[PDB]
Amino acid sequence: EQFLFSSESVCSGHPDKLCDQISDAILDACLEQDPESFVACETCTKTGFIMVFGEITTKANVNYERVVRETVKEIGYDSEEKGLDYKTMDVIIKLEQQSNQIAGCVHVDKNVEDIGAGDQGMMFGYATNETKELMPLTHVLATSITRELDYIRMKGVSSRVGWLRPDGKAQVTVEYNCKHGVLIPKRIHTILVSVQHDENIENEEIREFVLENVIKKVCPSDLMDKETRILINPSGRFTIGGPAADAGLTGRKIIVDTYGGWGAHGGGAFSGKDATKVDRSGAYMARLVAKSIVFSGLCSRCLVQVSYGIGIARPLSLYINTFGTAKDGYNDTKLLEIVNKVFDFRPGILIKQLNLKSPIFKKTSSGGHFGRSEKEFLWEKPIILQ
């Protein structure tokens, strides 16, 4: 039994991702001065403007406007024709303090270990032995394509690339076989890439460049064949991009940020939120759990759900599903027992263990939060479980 499944990714300059990056830049700016900051920083953008809005309670003295401009500059939006110019855009800041009624049930008069969850909600973690990163192949491939475009554009290369503009998206469809719940990729069925460009590069040149310098660099040659459908810039023209073509908002790429359609999602955004927002910290710990179970060889694929209630430290529920892939002797009931001996989903413990009051978040806000090798993403360093 074969089946097709698709996942997507977007470039750093995609307007929604731009907002995620600004929100996390602001979070990091607050945390570097005040690790105790409460941050719920939303960003939105359209032609010629960015607005930051939400709730921050911090002792940090942050020039929010400069943080926004520097972030946009670093992404490469330095000219109106690219879709946004950090020099000329309007930046609007509409921040207030966190509600005292929310603060009162999170930290006020509570031991650090027993701080309340910042909200209700559910979070999922997922892992799969398909890739070295323990991530789904469709997601790994789509993400690699956009990450490679961003590297080519931003870090720079010796070749002529000044035609590449910041916006872009990719989507990869893989044909799989499923054996006992274990996912075995057979072949790549379709690769779609849309990249923003300037007005003088040929479509044929764009296509040759993306195929040779991106797709063939990041997609395994043994999964591509004559029938793999390659769709590069199917719209035929993509020169107007960024906020100039499409509004952006924080937390509108939650599936790109996680598992690409695999596993599940509880609905909460990550970027712009300090770690007392369990949307973020709960999902990061759930990833560590799933990844640790797979890394330990106890199953081939694993889904974890945790849930919380506002002002309540301990999770309201925990769930583990190994899709029938558990190792002989193990099952989901036993695995939950193992998880409970090892892990503690109280946010105060979570935060300490994963160093989530340090200014580590801007790096997570493009490229996916999971399956990452950066030493500081502690949720990606698996624990050996037995």
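Note that residue numbering begins at 1 and tracks the sequence as displayed.
S.K.: Test of understanding: from the entry's C-alpha B-factors, which stretch has the higher mean, 40 to 48 or 332 to 340?
M.R.: Here the higher of the two C-alpha B-factor means belongs to 332 to 340.
S.K.: Higher mean Cα B-factor in the deposited model: 250 to 258 or 222 to 230?
M.R.: So the stretch with the higher mean C-alpha B-factor is 222 to 230.
S.K.: Tell me which of 307, 276, 98, 296 tops the list for C-alpha B factor in the record.
M.R.: Most elevated C-alpha B-factor of the set, per the entry: 296.
S.K.: Out of 173, 120, 213, 196, which residue has the highest Cα temperature factor in the PDB record?
M.R.: Each of 173, 120, 213, 196 was compared by C-alpha B-factor; the highest is 213.
S.K.: Which third of the chain holds residue 17 when residues are ordered by C-alpha B factor: lowest, middle or highest?
M.R.: For residue 17, whose C-alpha B-factor we compare with every modelled residue in the chain, the answer is the lowest third.
S.K.: Where does residue 54 sit by CA temperature factor within its chain: lowest, middle or highest third?
M.R.: Bottom third by C-alpha B-factor.
S.K.: Would you mind ranking residue 380 by its C-alpha B-factor against the rest of the chain and naming the third, lowest, middle or highest?
M.R.: As the PDB entry reports it, the C-alpha B-factor of residue 380 lands in the middle third of its chain.
S.K.: Looking at the temperature factor on the CA atom of residue 267, which third of the chain's modelled residues does it land in?
M.R.: CA B-factor rank for residue 267: lowest third.
S.K.: By the recorded C-alpha temperature factor, relative to the other modelled residues in its chain, which third is residue 23 in?
M.R.: CA B-factor rank for residue 23: lowest third.
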